[PDB]
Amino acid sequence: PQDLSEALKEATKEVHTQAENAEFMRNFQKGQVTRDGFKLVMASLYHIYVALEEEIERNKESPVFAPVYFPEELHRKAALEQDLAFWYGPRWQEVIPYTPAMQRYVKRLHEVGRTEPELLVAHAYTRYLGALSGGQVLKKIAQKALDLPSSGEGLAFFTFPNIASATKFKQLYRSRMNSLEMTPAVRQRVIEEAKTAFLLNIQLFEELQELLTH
C-alpha cells in the first residue's frame, strides 16, 4: 500500500495469524495459562523491552527514528520491573530466566539498533502498536485466569498511563510512521524486519511451551 503503516499491517497479516496459532498463545486465549507460564512471559517481555528501549534511546535523535520517539507514552521497562518484583519477589533480578530464545530476540534488537537503525521502527511498531491493539483482551484473560490476590500489583505492563486514548494515539503513531522518509529498498527492509519480529516472537512462544511441558 501507500502508507507505511498500511503496508506493515498488510505484510504481517500472515505471520500475525501464525502467532495467534502458536500453541502457547492458543492456550493463553483458551484461558489456559498457568502462573508459571505467565511468569515466563513477563520475564521474556522484560528482556525484550529493555533491549528495545535501550536501542530507541540510542537512536532517539536520528531522522530514521525521531518521528516515532514517544518515551513517556510508550516506555514499558519501569512497568515490567514493578511487575517482576511482584511475580518473582524482591530478588527477581537474580532469579528470572533468560533463555536462548529470549537471547535471540534481544540479539536482533541490538544488531538493528547499533548497525541497522532504520529498521528499528519495525520493532517499535510490532511491540508498541501490537500491545496497543490487543493488550486489553490479554489483560482481561490474564487476571481472570491467574486469580491473583488484591495486592494491586503484577499487571502494570498492560496499562499505558501516559496515553489518554489508545485510538487517538495509534492514529498519531501511524501518522508519524508515514512521515518517515526512506528509499524503496529501506521500506522493503522495514517490512521484512516486521515479519522477522513476529517470527522471533513465534520461536519464543515455541520455546516457552517446551519449557513448561516437561
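Numbers follow the displayed sequence, beginning with 1.
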Checklist outcome for this item: Per the PDB entry, mean CA B-factor is higher for 198-206 or 20-28, namely for 20-28
Checklist entry - Which has the higher mean CA temperature factor in the PDB entry, 77-85 or 109-117? => result 109-117
Checklist entry - Whose CA atom has the top B-factor in the entry, of 54, 181, 153, 36? => result 181
Next on the checklist: Comparing recorded Cα B-factors across 163, 177, 48, 40, which one is largest?
Outcome noted: 177
Checklist entry - Which third of the chain does residue 173 land in by C-alpha B-factor: lowest, middle or highest? => result highest
Checklist outcome for this item: residue 134: C-alpha B-factor third of its chain, per the entry, is the highest
Checklist outcome for this item: residue 122: CA B-factor among chain residues, third -> middle
